[PDB]
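Just one chain follows, in the form deposited in one PDB entry, and it is written as structure tokens.
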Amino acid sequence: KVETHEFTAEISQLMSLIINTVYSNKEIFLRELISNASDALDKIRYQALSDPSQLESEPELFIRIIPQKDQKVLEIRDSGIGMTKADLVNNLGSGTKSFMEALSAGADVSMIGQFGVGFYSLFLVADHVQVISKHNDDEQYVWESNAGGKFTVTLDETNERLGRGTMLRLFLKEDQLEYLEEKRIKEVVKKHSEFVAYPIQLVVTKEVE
């Protein structure tokens, strides 16, 4: 059963801004999303210093990028802490207002991650997103959205089990399909995410002839 919720007004306004801006360095979306993954992996790793059974839901700590060319979808999966349904309905934090203000004063989009709202840079290159997530002691959910208006949260009894962590599915814009290319992904990872302290896997798929 689907639950529908409205974005705060400032989030809808941020989305509309990002999805329509003409920024010439849109590749930074991948850095912002890998930084969120890294942070989520740090959080589970450090909780597990007190309580190592927290890692049992998925013993590997990794980041995994899966272009799906048939679907025009770029997936980014991590085995970090994940998000509770509460994180998914009410959000985490106000970073959103503080970043539109910042843009007003000439701030660069590349600085979105200083304000904790790096997730939304994905709308530089995508017009729809699914967030699949699984937190310890809660269920697996799909959060889904176009850019502005409503988002939905749905109990996930259909998809592959994450074990623990998060998978973003970016539905790429027709002008940004280069982020399905292996060499483009590799060089953007190496340029902006060179010092991430977790392995970054990239899946290349030979599709059936």
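Only the largest set of C-alpha atoms that superpose within 1.5 Å between the two forms is called the rigid core. Numbering starts at 1 and runs along the sequence shown.
Colleague: Looking at the deposited sequence, how many residues between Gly116 and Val117 were given no coordinates in the entry: none, 1 to 3, 4 to 9, or 10 or more?
Modeller: The entry has no gap there; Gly116 and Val117 are joined directly.
Colleague: Looking at the entry, does 104 to 112 or 73 to 81 show the higher mean C-alpha B-factor?
Modeller: Mean B over CA atoms: larger for 104 to 112.
Colleague: Tell me which stretch, 136 to 144 or 45 to 53, has the higher mean Cα B-factor listed in the entry.
Modeller: Mean C-alpha B-factor is greater for 45 to 53.
Colleague: Quick one: which of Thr158, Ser35, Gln176, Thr166 shows the highest Cα temperature factor in the PDB entry?
Modeller: Answer for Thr158, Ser35, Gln176, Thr166: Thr158, with the highest C-alpha B-factor.
Colleague: Sorting by Cα B-factor within the chain, modelled residues only, which third would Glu194 end up in: lowest, middle or highest?
Modeller: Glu194: CA B-factor falls in the middle third of its chain.
Colleague: Ranked by Cα temperature factor within the chain, is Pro59 in the lowest third, the middle third or the highest third?
Modeller: For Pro59, the deposited C-alpha B-factor lands in the middle third.
Colleague: Among the chain's modelled residues, which third holds the C-alpha B-factor of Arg31?
Modeller: Tercile = lowest for this residue's CA B-factor.
Colleague: Where does the C-alpha B-factor of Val208 rank in its chain, lowest, middle or highest third?
Modeller: Highest third, going by the recorded CA B-factors of the chain.
Colleague: Based on the deposited C-alpha B factors for this chain, I'd like to know if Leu17 is in the lowest, middle or highest third.
Modeller: For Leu17, the deposited C-alpha B-factor lands in the middle third.
The following text describes the form deposited in another entry, which does not appear among the structures shown.
Colleague: Quick one: with the rigid core lined up, which of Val109, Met83, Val73, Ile76 moves its CA 2 Å or more between this form and the one not shown?
Modeller: The one that shifts is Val109.
Colleague: Taking the rigid core as the reference frame, is the Cα of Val188 displaced by 2 Å or more between this form and the one not shown?
Modeller: No.
Colleague: Once the core is aligned, does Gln13 move its Cα by at least 2 Å between this form and the one not shown?
Modeller: Shift at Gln13: 2 Å or more after core fit.
Colleague: Would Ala197 count as moving between this form and the one not shown, using a Cα shift of 2 angstroms or more after superposing the core as the test?
Modeller: The answer is no; the displacement is under 2 Å.
Colleague: Considering a change of 3 Å or more, are the Cα atoms of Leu14 and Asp42 closer or farther in that other deposited form than here?
Modeller: Distance between the C-alphas of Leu14 and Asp42: longer in that other deposited form, by 3 Å or more.
Colleague: Since the Cα separation of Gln13 and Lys173 moves by 3 Å or more in that other deposited form, tell me which way: closer or farther than here.
Modeller: Compared with this form, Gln13 and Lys173 lie closer in that other deposited form.
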